[PDB]
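Give me a model of this one.
(chains A, B, C, D, E, F, G and H)
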Amino acid sequence: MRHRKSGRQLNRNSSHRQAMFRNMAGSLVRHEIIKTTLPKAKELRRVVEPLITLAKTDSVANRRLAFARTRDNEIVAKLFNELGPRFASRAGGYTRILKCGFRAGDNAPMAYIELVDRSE
Amino acid sequence: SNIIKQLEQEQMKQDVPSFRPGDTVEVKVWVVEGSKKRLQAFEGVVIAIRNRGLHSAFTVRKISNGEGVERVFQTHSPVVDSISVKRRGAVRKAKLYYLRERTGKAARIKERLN
Amino acid sequence: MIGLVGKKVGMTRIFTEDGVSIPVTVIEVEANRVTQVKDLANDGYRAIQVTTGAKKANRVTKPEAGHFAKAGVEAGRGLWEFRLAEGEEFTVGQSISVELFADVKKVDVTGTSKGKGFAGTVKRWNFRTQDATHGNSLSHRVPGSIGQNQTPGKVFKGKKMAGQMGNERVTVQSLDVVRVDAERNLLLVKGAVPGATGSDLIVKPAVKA
Amino acid sequence: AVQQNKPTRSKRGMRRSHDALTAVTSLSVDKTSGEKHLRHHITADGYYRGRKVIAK
Amino acid sequence: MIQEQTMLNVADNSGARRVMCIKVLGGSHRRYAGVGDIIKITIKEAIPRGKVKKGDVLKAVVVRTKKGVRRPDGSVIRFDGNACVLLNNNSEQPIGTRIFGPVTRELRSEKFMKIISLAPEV
RNA sequence: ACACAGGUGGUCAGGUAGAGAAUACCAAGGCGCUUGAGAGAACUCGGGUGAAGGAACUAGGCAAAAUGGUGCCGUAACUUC
RNA sequence: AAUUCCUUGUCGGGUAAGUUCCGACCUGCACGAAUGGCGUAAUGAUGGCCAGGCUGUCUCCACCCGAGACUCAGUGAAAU
RNA sequence: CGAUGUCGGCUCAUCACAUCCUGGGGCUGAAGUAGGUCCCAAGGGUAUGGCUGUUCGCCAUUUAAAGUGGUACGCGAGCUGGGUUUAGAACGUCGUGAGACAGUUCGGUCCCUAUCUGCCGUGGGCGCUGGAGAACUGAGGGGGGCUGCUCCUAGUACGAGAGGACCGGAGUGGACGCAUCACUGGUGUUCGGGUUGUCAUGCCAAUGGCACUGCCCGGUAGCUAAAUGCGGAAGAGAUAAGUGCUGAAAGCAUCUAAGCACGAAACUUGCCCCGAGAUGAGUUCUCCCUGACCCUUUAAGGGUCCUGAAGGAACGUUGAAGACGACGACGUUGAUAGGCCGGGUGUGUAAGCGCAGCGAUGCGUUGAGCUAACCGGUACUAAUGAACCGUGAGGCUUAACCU
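Numbering: from 1, shown residues only, chains lettered A, B, ... in the order given. The coordinates are given below.
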């Protein structure tokens, strides 16, 4: 049912999800690999790939982005020079999802989410 | 084969003058009145516009003394005849439903200067 | 009576000079291929086996492919055997399409109903709710009109419950033919058709007098 | 209103005859190692698709 | 909408500013009145010189409502400020000597079809 | 009796909004309530928005919603003044 | 009448109709003078009634967002 | 007496017939329209408000019926607390008094996670006899079945005369069941725009975090009724009461004895849906596989090898399906999910620039900018080869015909 809703509801309030995904997507650029859960990681591509594609267009009016949606205070000094010129040209697919099964003795679907470091 | 958005265009008109919300339209329509075919006229400004397929409609409000009549029309109707588009109106919204709440000089639209 | 299998697309308006806009449900025809022709050999009966349109058939099984080989060279949709009535229906001459509607103006349409999940009673079955007023709590929409007293002991279908409803055969007989064009392969009717866009819509002329 | 007779040790088995959430069903083969892994999952030792990833 | 306890103005003369709607009637489960549907009404302030008196219950028809009338083609013709015409239950036709507002011709049932034969331009 | 929303007297006080020791946002300072991951069901408990009629609802305007600030005007009967 | 048997009295007004509201009747089966009688204003965790304002209480429900319910996993009660 | 909680209401129907509306037949003091009124039948159908706790009684207004009744005189592991109902208290009256009134008035508490039968929906095991894929028959079941008012059929039928009707329709309303999103409004916390407070961003332009989504207004996708659409059929079969023919027993008379017909709004077939666990398990088409050895306290078991079809499922990408399973797509022979690059509905011309302007701000570039479901292209990123289950022509008896 859920009428027309196509995005999954996961865990916590929509407000907590907003900030958790904001914090995870910005930090994955520096961590390169994050360990988390499969349902959560399958929705991370929806916010971390457009953050890398944000450096595909070049303009003095494009540097004020990542300030109203998916804020991070440190990528805004390096990302436009590092991944904008050649990597962001591919406009998506920068992520690898690693299905790892159980974490320990509990029930949580464990996953690792990483960024591709070389395209060829 | 292929009939959606296509079959309804066989009943759509070959030309109609272009107009936007807030414009003063002056529409003429054919009526039989239980006796005899006559051309009737309706004056006013458009408060909501047509944009979609054959049966998309627009609402016209008399507004010339801030009060009086309001009526709905369709530009592809076979009884709607002609439209004068007598003035273009200056407005900053898509819908003008607040002109059904105003009745004084606060109901006035200015010229668009298109 | 043979069904023409029209599929669901949408509704349009068509107008007349009196300004009446005349809303009508749209169906666009592709008609049958005819893929067996049964006559006398099995239980004395006659039946056509219609097959509708064409399909990509990109993963079909050998039990399906060995039948498509005797049906023709292009693979169609569905089957529908369609048994014929004696002196009323024929398989002879050219295969038939929208000439079924040249003078008969009522029709019937079979399709597949939409899935209601819980379904319940106060929407589907026209039952009244209990009010949240006068300090009343805990049972407003919960069903419970199921007995007396000890007297009932057994339940009949006038009593209604929750549980899955939908996704089964549904048929409507409310439809009236407004315009047919055999060169445009078009059928226009007054009234709405069940379920989702696409689907099947079996569609045949009425047999009620 | 309440239990007035204890359910049988046959009824216990009638409610435990479908209790296995995992059987567990057969594995999948790698592509550069003589190793095997769970269907669409990387092993706890890093083996998957001939990639040997995030190993310990 | 025009339902129970609705307080509205009369379209005939001598009825005064206020009359009250007191059930729709004519069948099972009857609620709300559309243009030309007969409703039961009570008189409250009527002019002393008029043919009708206070607290005597009559039949009336809706002549103004924002649901309007669409029977002719499907396009809705609407009216501002809810109003009714007073109907004779025995001799038929309206009961006033004048009528207010611009009115409509879709009131075509023979027991009130005389409404097009009056001083209005309809 | 419980890592129990209960009980418990004294002592100090801030940006901005505010008449205020009410209340919104926040600083200093403190803390993330000692099970986890998902699904998106009726139903129960809590919230949001609502057309045109209007108390017709119901024993009964219960309940809920509207109003709500300040300045300048304007102020009835009844009255022991 | 918080007092009333016929009695949900009788009659005027208020309703569409009123076992209720206001007033008048006296025939109070049983009001009545500190055992208190009559009487008025501000006020009142006050019973009854009329009109308006404002309203999902209703006409008639319709859509929207959470928690518990649902699924698996953790550590694991009660009447009977 | 180890408790079947008190009256009415709301919710909810269901059975009866001494039939209320519908049908069938009839007498009338029924010439006609109405009216009075009795047999026969349980398919379909039978009102809301005021004071009042009251259903009720009274009243107001409505019916085709608002019929007469049964259901623990149908209502609490279903509700409200008004009647009923104590412990506060009063008015009237009685009883020295402590108490007392099914008198009166204010006030006065409403607990409940299901074991099994009853039920609704939904998995897994077993049966239908080689395995697999699927479409057809139809034992039997349910649904459909009612109607007010007016106008036409008809000033025709009847009757001094006034007045004024059947068949079968249409116009306008309803009950009830059933289906849609095209209309139209509402909603629409994944779309857009405006705005108050305050903190953050050095500050400002500008943009977030929180404040009922802070507040205000539009609105896609979709839901929805406050919107729109629709209905009780012909042929064939067979049926109380009633309509009966020819005719005896009982010369006549008779529907019955011998012998054979008509027929109701009811009903079987016919239509619409279910349905072969219909263990009485039916039919037919499309697809596939043409194998061995050792041991024994064996007419039966336990081991090993060759070779596994057609197909199915898991495992995935998820949805028109959904509480969970089940089930509809698509898994590179790919459009299934996500994304990109656009279009469209929706919003409303931005953040910038240029000019004008004390400045708030306006106008031009600009129908700007932004987007989610609607629509198009695309393999950009992800759905691996396999592995797994599914075996080698398929038990027993009889008849005839050709040999």
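
Spatially central residue in chain A, please.
residue A:48 (2.3 Å; CA atoms, centre = their mean).

Look up the closest residue to that residue, ignoring the ones flanking it.
residue A:25 (4.2 Å; CB to CB, 6 or more residues apart in numbering or on different chains). All C-beta spots, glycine's among them, are computed from the backbone N, C-alpha and C.

The strand or helix carrying the one you found packs against which elements?
Secondary structure from DSSP states H and E places residue A:25 in helix A:14-31. For helix A:14-31, the packing partners by 3 or more CB pairs under 8 Å, 6 or more residues apart in numbering or on different chains; DSSP states H and E come out as strand A:33-37, helix A:45-53, strand A:110-115.

Out of those, flag the one nearest residue B:73.
Set against residue B:73 and scored by CB to CB, the helices and strands packed on helix A:14-31 come closest in helix A:45-53, at 44.0 Å.

which is the next helix or strand following the closest one?
Proceeding N to C from helix A:45-53, the next assigned helix or strand is helix A:79-82, under DSSP H and E.

and after that next one, which helix or strand comes next?
Assigned by DSSP H and E, the successor of helix A:79-82 is strand A:95-101.

Show me what that next one is packed up against.
Under the contact definition 3+ CB pairs under 8 Å, 6+ apart, strand A:95-101 sits against helix A:38-42, helix A:45-53, strand A:110-115.

Could you rerun that using 10 Å?
Contact here means 3 or more CB pairs under 10 Å, 6 or more residues apart in numbering or on different chains; DSSP states H and E; on that basis strand A:95-101 packs against strand A:33-37, helix A:38-42, helix A:45-53, strand A:110-115.

Dump the ones you listed to TSV, plus distance to residue E:75.
What follows is the helices and strands packed on strand A:95-101, written out as TSV (distance: least, CB to CB, whole Å):
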stretch	distance to residue E:75
strand A:33-37	57
helix A:38-42	50
helix A:45-53	46
strand A:110-115	57
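
Spell out which parts of chain C neighbour RNA strand G.
Proximity of chain C to RNA strand G, by CB under 7 Å from any atom of the strand, involves residues C:123, C:128, C:129, C:131, C:132, C:133.

Out of those residues, name the ones that lie in helices.
With helices defined by DSSP state H, no entry of the residues of chain C next to RNA strand G lies inside them.

And these, which is closest to RNA strand H?
Of all these, RNA strand H sits closest to residue C:128, with 3.5 Å by CB to the nearest atom of the strand.

For the closest one, what are phi and psi?
Phi and psi for residue C:128, reported as degrees, to the nearest 10, are phi -80, psi 140.

Can you give me the separation between it and residue C:24?
The gap separating residue C:128 from residue C:24 is 36 Å, by CB to CB, to the nearest Å.

likewise residue C:37?
For residue C:37 relative to residue C:24 (CB to CB), the value is 35 Å.

which one of these two has more residues nearby?
Per other CB atoms under 10 Å in any protein chain shown, whichever of residue C:37 and residue C:24 has more neighbours is residue C:24, with 20 against 11.

did I read that right, that one in a helix?
No - per DSSP: H, G, I helix; E, B strand; the rest coil, residue C:24 lies outside any helix segment and is strand.

Let me see the contact set for residue E:82.
E:1-2, E:6-9, E:21, E:33, E:62-66 (CB atoms under 10 Å, 6 or more residues apart in numbering or on different chains).

Same list (those residues) but as JSON lines, adding distance to residue A:32.
Output for the contacts of residue E:82, formatted as JSON lines (distance: CB to CB, whole Å):
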{"residue": "E:1", "distance to residue A:32": "65"}
{"residue": "E:2", "distance to residue A:32": "70"}
{"residue": "E:6", "distance to residue A:32": "71"}
{"residue": "E:7", "distance to residue A:32": "74"}
{"residue": "E:8", "distance to residue A:32": "74"}
{"residue": "E:9", "distance to residue A:32": "77"}
{"residue": "E:21", "distance to residue A:32": "74"}
{"residue": "E:33", "distance to residue A:32": "72"}
{"residue": "E:62", "distance to residue A:32": "73"}
{"residue": "E:63", "distance to residue A:32": "77"}
{"residue": "E:64", "distance to residue A:32": "72"}
{"residue": "E:65", "distance to residue A:32": "69"}
{"residue": "E:66", "distance to residue A:32": "64"}
